[PDB]
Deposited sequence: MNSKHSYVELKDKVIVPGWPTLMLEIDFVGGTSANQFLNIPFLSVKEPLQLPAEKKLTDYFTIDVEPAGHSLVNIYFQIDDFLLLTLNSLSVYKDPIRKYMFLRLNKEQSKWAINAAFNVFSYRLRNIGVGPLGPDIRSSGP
């Protein structure tokens, strides 16, 4: 019959040291703000015709007098894509959120929560990556 939802935190568990990582870069209207988003096995490339906004809506809101969160909504194609690239076991829901720290929040607050643009961005591992991931 009838259905509706909720915004799950995407916790720090999904970033796993040793592995490559996707970096959410937020450029405030008008010194980006960089959040490691999700540790991945292979880089994210999208259909070249397409672009991230097609698949990924985000929104920055305060959570209190000092802290701020980033909410977002992930169309299924990206959701499925992200889950397959993900090291941590399929952690991406359609409606999720993310906690900036007292530090990160501060910028967002000053920009009046107003996003000019954003993108994801594949970043490689450093010289001890393979050794880090495989030990433990």
Deposited positions lacking CA coordinates
31 to 35, 142
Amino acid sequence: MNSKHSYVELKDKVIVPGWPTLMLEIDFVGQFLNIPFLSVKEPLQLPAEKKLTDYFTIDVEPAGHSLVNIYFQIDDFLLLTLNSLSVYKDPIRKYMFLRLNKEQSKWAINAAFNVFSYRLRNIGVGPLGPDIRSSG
From here on, numbers count along this sequence of modelled residues.
Mean C-alpha B-factor comparison - 46 to 54 and 75 to 83, higher one
46 to 54
Comparing 65 to 73 with 103 to 111, the higher average Cα temperature factor in the PDB entry belongs to 103 to 111
Chain-relative CA temperature factor third for residue 121
middle
Can you work out whether the C-alpha temperature factor of residue 32 puts it in the lowest, middle or highest third of the chain?
highest
